[PDB]
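One structure below.
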Amino acid sequence: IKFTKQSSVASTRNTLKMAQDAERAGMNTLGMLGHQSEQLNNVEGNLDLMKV
Amino acid sequence: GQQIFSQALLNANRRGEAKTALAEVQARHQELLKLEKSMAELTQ
């Protein structure tokens, strides 16, 4: 009985760990997509200027 | 002038709850393993 409860505790520990790792990756990706969005804004401005 | 003993009997109490403390751990355990597998894929 006890062994299964221990295994489940270990399961939920690894589960939380993986969830946190996933979240770190997601936050870096969103910030990084925002940075690339700003760069693309600069590109867009330059293209508009070149059209003129 | 005499003297007495006593005995024990285990009562459905355990016939159920103690057997459930195997089935209901390993099975919820099965739900938790499923959760862990899904989180592993999500993290990847």
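Read-outs: derived from the displayed coordinates by stated rules, not from any lab. With ideal geometry, Cβ positions are generated from the backbone for all residues, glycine too; neighbour counts draw on all protein chains shown.
Quick notes on this structure:
- Residue-averaged [θ]222 nm for chain B, counting only DSSP H segments that reach four residues, each worth -39500 (n - 2.57): -27500 deg cm²/dmol
- Projecting the Cα atoms of B:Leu35, A:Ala25, B:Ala21 onto the charge dipole of the protein assembly as shown, computed from C-beta unit charges around the Cα centre, puts B:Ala21 farthest toward the positive end.
- Environment charge of B:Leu22, counting only residues whose C-beta is closer than 14 Å and scoring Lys/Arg +1, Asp/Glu -1: +4
- Between helix B:11-43 and chain B: long-axis angle, C-alpha atoms, 0 to 90°, nearest 10: 10 degrees
- Total formal charge among the other residues, if their Cβ is under 15 angstrom from that of A:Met18, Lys/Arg +1 and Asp/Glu -1: +1
- Pairwise Cα distances in chain B exceed 18 Å for 59 percent of all pairs.
- One compactness figure for the protein assembly as shown is 2.36, namely its Cα radius of gyration divided by 2.2 N^0.38 Å.
- Angle between chain A longest axis and helix A:2-51 axis [Cα atoms, degrees, rounded to 10]: 0 degrees
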